[PDB]
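One file, work.csv, is given below (CSV, C-alpha atoms).
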```
chain,number,residue,atom,x,y,z
A,1,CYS,CA,15.3,-3.5,-134.6
A,2,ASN,CA,13.1,-1.9,-137.3
A,3,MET,CA,11.5,-4.8,-139.1
A,4,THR,CA,7.7,-4.3,-139.3
A,5,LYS,CA,4.7,-6.2,-138.2
A,6,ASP,CA,3.6,-5.3,-141.7
A,7,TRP,CA,6.4,-7.7,-142.7
A,8,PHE,CA,7.2,-10.0,-139.7
A,9,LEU,CA,3.6,-11.3,-139.3
A,10,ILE,CA,3.5,-12.2,-143.0
A,11,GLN,CA,7.0,-13.6,-143.3
A,12,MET,CA,7.7,-15.7,-140.1
A,13,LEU,CA,4.2,-17.0,-140.7
A,14,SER,CA,5.0,-17.9,-144.3
A,15,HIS,CA,7.5,-20.5,-143.1
A,16,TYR,CA,6.1,-21.7,-139.8
A,17,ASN,CA,2.3,-21.4,-140.0
A,18,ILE,CA,2.3,-19.5,-136.7
A,19,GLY,CA,1.8,-15.9,-136.0
A,20,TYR,CA,-2.0,-15.8,-135.7
A,21,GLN,CA,-1.2,-17.7,-132.5
A,22,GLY,CA,1.4,-16.2,-130.2
A,23,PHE,CA,4.8,-15.6,-131.5
A,24,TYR,CA,7.1,-18.4,-130.3
A,25,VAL,CA,10.2,-20.2,-131.4
A,26,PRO,CA,9.0,-23.1,-133.7
A,27,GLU,CA,11.1,-26.1,-132.9
A,28,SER,CA,14.7,-27.2,-133.4
A,29,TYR,CA,14.0,-28.6,-136.8
A,30,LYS,CA,11.4,-26.4,-138.4
A,31,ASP,CA,14.1,-23.7,-138.5
A,32,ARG,CA,16.3,-25.4,-141.1
A,33,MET,CA,19.8,-24.2,-142.0
A,34,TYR,CA,18.8,-22.2,-145.1
A,35,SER,CA,15.5,-21.1,-143.5
A,36,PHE,CA,14.4,-17.8,-142.0
A,37,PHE,CA,14.4,-17.6,-138.2
A,38,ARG,CA,17.8,-19.2,-137.3
A,39,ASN,CA,19.6,-16.3,-139.0
A,40,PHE,CA,17.5,-13.4,-137.7
A,41,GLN,CA,20.1,-11.3,-135.7
A,42,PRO,CA,18.9,-7.9,-134.5
A,43,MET,CA,21.2,-5.6,-132.6
A,44,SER,CA,21.8,-1.9,-131.7
A,45,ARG,CA,24.4,0.8,-131.3
A,46,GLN,CA,24.7,4.2,-129.5
A,47,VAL,CA,26.3,6.8,-131.7
A,48,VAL,CA,27.2,10.1,-130.1
B,1,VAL,CA,27.4,5.3,-172.1
B,2,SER,CA,28.2,8.6,-173.9
B,3,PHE,CA,24.8,9.4,-175.5
B,4,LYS,CA,25.8,12.5,-177.5
B,5,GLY,CA,22.3,12.6,-179.1
B,6,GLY,CA,20.2,14.2,-176.5
B,7,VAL,CA,16.8,12.6,-177.2
B,8,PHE,CA,16.2,11.2,-173.8
B,9,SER,CA,13.9,8.6,-172.3
B,10,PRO,CA,13.4,6.1,-175.1
B,11,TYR,CA,12.8,3.8,-172.2
B,12,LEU,CA,9.4,2.7,-170.9
B,13,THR,CA,8.6,4.8,-167.8
B,14,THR,CA,6.9,3.0,-165.0
B,15,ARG,CA,4.9,5.0,-162.5
B,16,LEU,CA,6.5,6.2,-159.3
B,17,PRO,CA,4.8,4.4,-156.4
B,18,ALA,CA,3.4,6.4,-153.5
B,19,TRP,CA,6.0,6.6,-150.7
B,20,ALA,CA,8.9,8.9,-149.7
B,21,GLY,CA,12.1,7.9,-151.4
B,22,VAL,CA,11.1,7.5,-155.1
B,23,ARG,CA,10.3,11.1,-155.8
B,24,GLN,CA,13.6,13.0,-155.0
B,25,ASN,CA,16.6,12.8,-152.8
B,26,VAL,CA,17.1,16.4,-151.9
B,27,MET,CA,18.1,17.5,-148.4
B,28,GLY,CA,14.8,16.9,-146.6
B,29,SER,CA,13.7,17.8,-143.2
B,30,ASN,CA,12.0,16.2,-140.1
B,31,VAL,CA,8.8,17.6,-138.7
B,32,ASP,CA,10.4,19.7,-136.0
B,33,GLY,CA,13.3,21.1,-138.2
B,34,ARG,CA,16.5,19.2,-138.3
B,35,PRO,CA,17.5,18.1,-141.8
B,36,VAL,CA,17.1,14.4,-142.7
B,37,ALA,CA,19.6,12.5,-144.9
B,38,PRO,CA,19.0,12.1,-148.6
B,39,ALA,CA,18.1,8.6,-150.0
B,40,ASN,CA,21.5,8.6,-151.8
B,41,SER,CA,23.2,8.6,-148.5
B,42,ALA,CA,23.9,5.3,-146.7
B,43,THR,CA,23.1,7.0,-143.4
B,44,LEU,CA,19.5,6.1,-144.0
B,45,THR,CA,19.8,2.4,-143.6
B,46,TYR,CA,19.4,2.2,-139.8
B,47,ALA,CA,16.5,3.5,-137.7
B,48,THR,CA,17.8,6.8,-136.2
B,49,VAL,CA,15.7,7.0,-133.1
B,50,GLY,CA,16.2,10.0,-130.8
C,1,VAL,CA,20.5,14.8,-169.5
C,2,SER,CA,21.6,16.4,-166.2
C,3,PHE,CA,19.4,14.5,-163.8
C,4,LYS,CA,20.3,16.4,-160.5
C,5,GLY,CA,17.6,14.5,-158.6
C,6,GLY,CA,19.3,11.2,-157.8
C,7,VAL,CA,16.3,9.0,-157.7
C,8,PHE,CA,17.4,6.5,-160.3
C,9,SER,CA,15.8,3.8,-162.4
C,10,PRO,CA,12.3,5.1,-162.9
C,11,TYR,CA,12.6,2.9,-166.1
C,12,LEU,CA,11.3,-0.6,-166.5
C,13,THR,CA,14.1,-3.1,-165.9
C,14,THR,CA,14.2,-6.1,-168.2
C,15,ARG,CA,16.0,-9.2,-167.1
C,16,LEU,CA,19.5,-9.7,-168.1
C,17,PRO,CA,19.7,-12.8,-170.4
C,18,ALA,CA,22.1,-15.6,-169.8
C,19,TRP,CA,25.3,-15.1,-171.7
C,20,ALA,CA,28.6,-13.3,-171.2
C,21,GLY,CA,28.5,-9.7,-172.3
C,22,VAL,CA,25.3,-8.4,-170.6
C,23,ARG,CA,26.6,-8.7,-167.0
C,24,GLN,CA,29.7,-6.5,-166.8
C,25,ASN,CA,32.5,-5.3,-169.1
C,26,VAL,CA,35.4,-5.4,-166.7
C,27,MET,CA,38.9,-6.7,-167.8
C,28,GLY,CA,38.1,-10.4,-168.1
C,29,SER,CA,40.4,-13.3,-168.6
C,30,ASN,CA,40.7,-16.4,-170.8
C,31,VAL,CA,40.9,-19.9,-169.3
C,32,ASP,CA,44.7,-20.1,-169.3
C,33,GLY,CA,45.4,-16.6,-168.1
C,34,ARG,CA,45.8,-13.8,-170.6
C,35,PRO,CA,43.3,-11.0,-170.2
C,36,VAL,CA,40.4,-10.8,-172.7
C,37,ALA,CA,39.1,-7.5,-174.0
C,38,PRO,CA,36.0,-5.8,-172.4
C,39,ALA,CA,32.7,-5.6,-174.3
C,40,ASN,CA,33.1,-1.8,-174.5
C,41,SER,CA,36.2,-2.3,-176.7
C,42,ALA,CA,35.8,-2.7,-180.4
C,43,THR,CA,38.6,-5.3,-180.3
C,44,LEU,CA,35.9,-8.0,-179.6
C,45,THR,CA,34.2,-7.9,-183.0
C,46,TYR,CA,36.5,-10.4,-184.8
C,47,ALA,CA,37.2,-14.0,-183.8
C,48,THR,CA,40.7,-13.8,-182.2
C,49,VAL,CA,41.9,-17.4,-182.9
C,50,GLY,CA,45.4,-18.3,-181.7
D,1,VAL,CA,24.5,7.5,-160.9
D,2,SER,CA,28.1,6.4,-161.5
D,3,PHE,CA,27.6,3.2,-163.4
D,4,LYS,CA,31.3,2.0,-163.6
D,5,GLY,CA,30.2,-1.2,-165.3
D,6,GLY,CA,29.7,-0.3,-168.9
D,7,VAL,CA,27.0,-2.8,-169.8
D,8,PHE,CA,24.5,-0.3,-171.0
D,9,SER,CA,20.8,-0.4,-171.8
D,10,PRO,CA,19.4,-2.9,-169.3
D,11,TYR,CA,16.3,-0.8,-169.7
D,12,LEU,CA,13.4,-1.7,-172.0
D,13,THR,CA,13.7,0.3,-175.2
D,14,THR,CA,10.5,1.8,-176.6
D,15,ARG,CA,10.4,2.7,-180.3
D,16,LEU,CA,11.1,6.2,-181.4
D,17,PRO,CA,7.9,7.6,-182.9
D,18,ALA,CA,7.9,9.3,-186.3
D,19,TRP,CA,8.5,13.0,-186.0
D,20,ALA,CA,11.4,15.4,-185.8
D,21,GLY,CA,12.6,15.9,-182.3
D,22,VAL,CA,13.0,12.3,-181.0
D,23,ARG,CA,15.8,11.2,-183.3
D,24,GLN,CA,18.7,13.7,-182.6
D,25,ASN,CA,19.2,17.2,-181.5
D,26,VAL,CA,22.2,18.2,-183.6
D,27,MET,CA,22.4,21.7,-185.2
D,28,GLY,CA,19.7,21.3,-187.9
D,29,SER,CA,18.8,23.4,-190.8
D,30,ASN,CA,15.8,25.0,-192.4
D,31,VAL,CA,14.9,24.4,-196.0
D,32,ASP,CA,16.6,27.5,-197.4
D,33,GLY,CA,19.7,27.3,-195.3
D,34,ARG,CA,19.8,29.1,-192.0
D,35,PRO,CA,20.5,26.7,-189.1
D,36,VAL,CA,17.6,25.8,-186.8
D,37,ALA,CA,17.9,25.4,-183.1
D,38,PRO,CA,18.4,22.0,-181.4
D,39,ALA,CA,15.7,20.5,-179.3
D,40,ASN,CA,17.9,20.8,-176.2
D,41,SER,CA,17.6,24.6,-176.6
D,42,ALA,CA,14.7,26.4,-175.1
D,43,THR,CA,14.7,28.7,-178.1
D,44,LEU,CA,12.4,26.2,-179.8
D,45,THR,CA,9.4,26.7,-177.6
D,46,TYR,CA,7.9,29.7,-179.5
D,47,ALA,CA,6.9,29.7,-183.2
D,48,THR,CA,9.7,31.6,-184.9
D,49,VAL,CA,7.8,33.0,-187.9
D,50,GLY,CA,9.7,35.2,-190.4
E,1,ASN,CA,-0.7,-59.8,-150.3
E,2,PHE,CA,3.1,-59.7,-150.9
E,3,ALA,CA,3.6,-61.0,-147.4
E,4,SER,CA,6.8,-62.9,-148.4
E,5,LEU,CA,8.7,-59.6,-148.7
E,6,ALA,CA,8.2,-57.7,-145.5
E,7,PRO,CA,10.6,-58.3,-142.6
E,8,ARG,CA,8.1,-60.0,-140.3
E,9,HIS,CA,8.1,-59.1,-136.6
E,10,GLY,CA,7.0,-62.5,-135.6
E,11,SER,CA,4.1,-63.9,-137.5
E,12,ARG,CA,2.6,-60.6,-138.5
E,13,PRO,CA,4.5,-58.8,-141.3
E,14,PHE,CA,5.7,-55.3,-140.7
E,15,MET,CA,3.4,-53.2,-143.0
E,16,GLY,CA,4.1,-49.5,-142.8
E,17,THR,CA,2.0,-46.5,-142.6
E,18,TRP,CA,0.2,-44.8,-145.5
E,19,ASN,CA,2.4,-41.8,-145.7
E,20,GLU,CA,5.3,-44.1,-146.7
E,21,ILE,CA,4.3,-44.1,-150.3
E,22,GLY,CA,4.6,-40.5,-151.5
E,23,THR,CA,6.2,-37.2,-150.6
E,24,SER,CA,5.3,-33.5,-150.6
E,25,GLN,CA,8.7,-31.8,-149.9
E,26,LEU,CA,8.4,-28.4,-151.4
E,27,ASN,CA,9.9,-25.1,-150.1
E,28,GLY,CA,7.3,-24.2,-147.5
E,29,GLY,CA,4.8,-27.1,-147.7
```
Let's see the structure in the file written out as structure tokens.
Amino acid sequence: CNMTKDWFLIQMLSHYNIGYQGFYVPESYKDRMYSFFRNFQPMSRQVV
Amino acid sequence: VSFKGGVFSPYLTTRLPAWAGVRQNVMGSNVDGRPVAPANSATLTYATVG
Amino acid sequence: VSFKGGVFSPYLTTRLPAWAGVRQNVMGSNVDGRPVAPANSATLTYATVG
Amino acid sequence: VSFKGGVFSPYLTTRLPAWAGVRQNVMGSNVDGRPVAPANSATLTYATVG
Amino acid sequence: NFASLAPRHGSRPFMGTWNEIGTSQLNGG
């Protein structure tokens, strides 16, 4: 999308303690409901 | 709301930080020459990538 | 007075405190249903007691 | 830009200092009786000396 | 000892782990 490594490496790591390792989906319960990564929904469009 | 006494800025002025977007919002321009949208416009909320 | 450069709030924002009157002044409503006066109006300077 | 919610001054108010020019800019008057220019006017940037 | 309170699995009483006495549930901890 347009979210930055300037932010994503210091935000997804703030919840999950990973990011200095490889980026990977944490587990099915470290992403709680009112947590970060379950709601991250990037997308795109093609305007003329 | 409706000042009518034109003494202006009685309010504490905080420094403008150093990036593009807190200085003006006039009709800017990209580095080759097409105009870029002002910061008032809601056009500049998605990454326009040519 | 006559900004013309639409970068807005260069001024230090203090928190809104917790009561009714510093959040909006739209046409509110009492608990049974008649509308209450906005805070802009000078009607709300005396205790209207039914 | 276009408030539309008339709660006003959420901004931190700094004291007005003690001199003429930060209180109002209404059509003032010199000590004998001719009117002096308001502070909005650019007339009051040179020392008018009679 | 307080051995007459634990639900004994057999003769040995069921004595839990040492993390079953406190908690550290903060937002991001």
A straight line from atom CA of residue B:29 to atom CA of residue C:9 spans 23.9 Å
Residue D:37 environment, 9 Å, only C-alpha atoms, sequence neighbours closer than 5 positions dropped, as an mmCIF file with C-alpha atoms, keeping the file's coordinate frame:
```cif
data_model
loop_
_atom_site.group_PDB
_atom_site.id
_atom_site.type_symbol
_atom_site.label_atom_id
_atom_site.label_comp_id
_atom_site.auth_asym_id
_atom_site.auth_seq_id
_atom_site.Cartn_x
_atom_site.Cartn_y
_atom_site.Cartn_z
ATOM 1 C CA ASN D 25 19.200 17.200 -181.500
ATOM 2 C CA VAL D 26 22.200 18.200 -183.600
ATOM 3 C CA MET D 27 22.400 21.700 -185.200
ATOM 4 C CA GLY D 28 19.700 21.300 -187.900
ATOM 5 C CA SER D 29 18.800 23.400 -190.800
ATOM 6 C CA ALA D 42 14.700 26.400 -175.100
ATOM 7 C CA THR D 43 14.700 28.700 -178.100
ATOM 8 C CA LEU D 44 12.400 26.200 -179.800
#
```
For chain D, work out the contacting residues on chain C at 8 Å, counting only C-alpha atoms, and write them as number ranges by chain. C: 6, 8, 11-16, 21-26, 39-40
Limited to C-alpha atoms, could you put the picked residues into a file as an mmCIF file, in the coordinates of the input?
```cif
data_model
loop_
_atom_site.group_PDB
_atom_site.id
_atom_site.type_symbol
_atom_site.label_atom_id
_atom_site.label_comp_id
_atom_site.auth_asym_id
_atom_site.auth_seq_id
_atom_site.Cartn_x
_atom_site.Cartn_y
_atom_site.Cartn_z
ATOM 1 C CA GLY C 6 19.300 11.200 -157.800
ATOM 2 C CA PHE C 8 17.400 6.500 -160.300
ATOM 3 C CA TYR C 11 12.600 2.900 -166.100
ATOM 4 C CA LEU C 12 11.300 -0.600 -166.500
ATOM 5 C CA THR C 13 14.100 -3.100 -165.900
ATOM 6 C CA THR C 14 14.200 -6.100 -168.200
ATOM 7 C CA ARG C 15 16.000 -9.200 -167.100
ATOM 8 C CA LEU C 16 19.500 -9.700 -168.100
ATOM 9 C CA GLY C 21 28.500 -9.700 -172.300
ATOM 10 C CA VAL C 22 25.300 -8.400 -170.600
ATOM 11 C CA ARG C 23 26.600 -8.700 -167.000
ATOM 12 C CA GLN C 24 29.700 -6.500 -166.800
ATOM 13 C CA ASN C 25 32.500 -5.300 -169.100
ATOM 14 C CA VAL C 26 35.400 -5.400 -166.700
ATOM 15 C CA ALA C 39 32.700 -5.600 -174.300
ATOM 16 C CA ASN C 40 33.100 -1.800 -174.500
#
```
Tell me the residues of chain A close to chain E, meaning within 12 Å using only C-alpha atoms, as a PDB file with C-alpha atoms, keeping the file's coordinate frame.
```pdb
ATOM      1  CA  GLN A  11       7.000 -13.600-143.300  1.00  0.00           C
ATOM      2  CA  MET A  12       7.700 -15.700-140.100  1.00  0.00           C
ATOM      3  CA  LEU A  13       4.200 -17.000-140.700  1.00  0.00           C
ATOM      4  CA  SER A  14       5.000 -17.900-144.300  1.00  0.00           C
ATOM      5  CA  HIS A  15       7.500 -20.500-143.100  1.00  0.00           C
ATOM      6  CA  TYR A  16       6.100 -21.700-139.800  1.00  0.00           C
ATOM      7  CA  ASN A  17       2.300 -21.400-140.000  1.00  0.00           C
ATOM      8  CA  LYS A  30      11.400 -26.400-138.400  1.00  0.00           C
ATOM      9  CA  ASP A  31      14.100 -23.700-138.500  1.00  0.00           C
ATOM     10  CA  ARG A  32      16.300 -25.400-141.100  1.00  0.00           C
ATOM     11  CA  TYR A  34      18.800 -22.200-145.100  1.00  0.00           C
ATOM     12  CA  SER A  35      15.500 -21.100-143.500  1.00  0.00           C
ATOM     13  CA  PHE A  36      14.400 -17.800-142.000  1.00  0.00           C
TER      14      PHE A  36
END
```
Report chain C as a compact mmCIF listing (two decimals) with C-alpha atoms, keeping the file's coordinate frame in the frame of chain D, after least-squares superposition over all C-alpha atoms paired in order.
```txt
# COMPACT_ATOMS: atom_id res chain seq x y z
CA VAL C 1 24.53 7.42 -160.85
CA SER C 2 28.17 6.37 -161.42
CA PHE C 3 27.63 3.21 -163.41
CA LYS C 4 31.34 2.01 -163.67
CA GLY C 5 30.22 -1.27 -165.27
CA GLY C 6 29.71 -0.31 -168.90
CA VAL C 7 27.07 -2.78 -169.80
CA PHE C 8 24.46 -0.34 -171.00
CA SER C 9 20.75 -0.38 -171.73
CA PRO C 10 19.46 -2.96 -169.30
CA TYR C 11 16.23 -0.83 -169.71
CA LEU C 12 13.35 -1.60 -171.99
CA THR C 13 13.69 0.36 -175.23
CA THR C 14 10.50 1.82 -176.66
CA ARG C 15 10.35 2.69 -180.30
CA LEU C 16 11.10 6.12 -181.37
CA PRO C 17 7.91 7.66 -182.91
CA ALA C 18 7.88 9.31 -186.26
CA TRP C 19 8.45 13.01 -185.98
CA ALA C 20 11.40 15.38 -185.79
CA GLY C 21 12.66 15.89 -182.28
CA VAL C 22 12.98 12.28 -180.98
CA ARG C 23 15.84 11.25 -183.33
CA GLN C 24 18.72 13.63 -182.60
CA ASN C 25 19.23 17.23 -181.43
CA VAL C 26 22.18 18.20 -183.56
CA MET C 27 22.40 21.70 -185.24
CA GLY C 28 19.72 21.28 -187.89
CA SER C 29 18.86 23.48 -190.78
CA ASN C 30 15.78 25.04 -192.40
CA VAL C 31 14.89 24.38 -196.05
CA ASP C 32 16.62 27.48 -197.43
CA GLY C 33 19.74 27.30 -195.34
CA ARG C 34 19.86 29.04 -191.99
CA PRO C 35 20.50 26.74 -189.07
CA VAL C 36 17.54 25.82 -186.80
CA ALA C 37 17.92 25.48 -183.06
CA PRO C 38 18.44 22.00 -181.42
CA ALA C 39 15.69 20.41 -179.31
CA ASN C 40 17.90 20.80 -176.21
CA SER C 41 17.66 24.61 -176.59
CA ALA C 42 14.77 26.44 -175.06
CA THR C 43 14.72 28.70 -178.14
CA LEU C 44 12.35 26.13 -179.83
CA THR C 45 9.32 26.72 -177.61
CA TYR C 46 7.82 29.67 -179.57
CA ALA C 47 6.78 29.71 -183.22
CA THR C 48 9.66 31.63 -184.93
CA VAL C 49 7.73 33.06 -187.95
CA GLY C 50 9.72 35.22 -190.37
```
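Here atom CA of residue A:38 and atom CA of residue B:46 stand 21.6 Å from one another.
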Quick one: pull the distance between atom CA of residue C:50 and atom CA of residue C:19, Å, one decimal. 22.7 Å
